Every structure is written in structure tokens, then in C-alpha cells.
């Protein structure tokens, strides 16, 4: 069966960058990949297709919320190097639960057996809250990965996401793999946090010109025109993908009481 990953973190921290470049890396390693955007900011798969594909909510609206009329070709799109792409989108105005479209997406994935017949599945998920449809990927994932920077807000979110994932531990198989420290020069604060919680930093991606430009060219680092700066960034994504494919030794971390994050990071 597929190895399934769920990527969480605060808004704007690099979830889609990390997910898309990981999907591209896995494809380069010879794996069949499916990436599912689970975020009301519906550009998860943008750099894989070079476009904003029709979203699950778009196509649901088109069949007047009779999802039984949909076929995979309506909402699953081929992107870079054969990476398959689904984009949930966000719920329309007034919608009760903010996760509803992610819930509808995960329903369709299971009904169409789309987690089968592939090697790697990556869910790219809003993590400012983890509940309802935003928690649905956890029922399917083997490993959860948190994207973080060194700032207070991203670490505080990471701590809450750790708690959310561990709260599922008796019901789901998903376990935490660790974090990707992203868009920062070094990792002092992330490492301080990891030491306190026995958590693991899986990778460090600096704030790279190559990456910012890739999004502006509507491409992944791997689809980009070759230059030197691209090569180093590519290598770290390949390394990270290799480690996740191979599997890591387990961690058994803990979340801190939320109050104690303020203390730990000098913000009380």
C-alpha cells in the first residue's frame, strides 16, 4: 500500500512548498505520487500543475452537491513528472464547519479508492486548527510532519499540532515523524523546542531565492530550469524524501502545556 504523509503547520509557514517539492522529489525517486491540498487557500498543488486546478468544491458546486455524479477525471489532475493532484478548496460562505470541504474530499478519495494503486500520498493540511475535516487526513496517514520556522507563532502552533496528533494515538496508526524547519537561516529556537519535547528536526530548508522564484514561475524546484542554487535545495528535498521512504526510528515526543511555551521561548 501507499506510504501516507500529512503535513501540518501554521498558515503561510511553507506547507505547500514542502509538500510539493517532496512530491516532486518522490517522483524523481521513481515513486507514484498523489498530493491532496486540504486548505481553504487552495494553491497546494499550484506548482505541480502550473495552474490553480478545479477544486473539489468547484466541481461539487457544478453537480449541485450530488458528489455521486463525479468521476476521478473531474477532480484528479496530472502534474509534474506524473504527480497526481487534488485540491480541496474551502467551504462557501456560511458553511458551518470550516473543515467541511476537506471532509468531502477525503470521502471522494476513499469512494474512488485513490489511496490505493499509488506509492506515496501527501496531504497538505491547514493546521491553525486541527479538527473536523482538517483532522481527517490523520485517519489515513502513516506519518505526520510539521512545518515550522523559529518564530514564536510557528512553534506554538507546532506544539498544539503535536498534541492533536497524539490525541489520536489509540484510534489511528499515524505517528509523528518530526518537523521541517523552513525559511529560516538557522534553527536555534526549533532545536530548543525539540530538546524539551524529545521531538525531531527532519530537515532544514533555508530562506532560498531559488524557492521563492519557483512559486513565481509556477514550478517546483525540480521542474525549474537548472542552475546551481536549485541543485542544493533539490538535494535536501531528495534527502528528506529518501529518509521518509526508508522510514525512521521512532520518536516518542510530548507536547508542553500551552502556557509553558510562552515560558520556554521567553514570551511570558
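Positions refer to the first chain, counted from 1.
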note = Mean B factor on CA atoms, stretches 215-223 and 53-61, record says higher is 215-223
ask   = In the PDB record, does 34-42 or 234-242 carry the higher mean Cα temperature factor?
value = 234-242
task = Between 137, 98, 127, 92, let me know which has the highest C-alpha B-factor in the entry?
result = 92
inquiry  = For the CA B factor values reported in this entry, which option in 194, 86, 158, 186 has the top one?
reply    = 186
request  = Give the position of residue 72 by CA B-factor within its chain, expressed as the lowest, middle or highest third.
outcome  = highest
inquiry  = Quick check on the deposited entry: does the C-alpha B-factor of residue 149 sit in the lowest, middle or highest third of its chain?
reply    = middle
Residue 259 - which third its CA temperature factor falls in, relative to the rest of the chain = highest
request  = Compare the C-alpha B factor of residue 247 with those of the other modelled residues in its chain, then answer lowest, middle or highest third.
outcome  = highest
query = In terms of the CA temperature factor given in the entry, to which third of its chain does residue 115 belong: lowest, middle or highest?
reply = highest
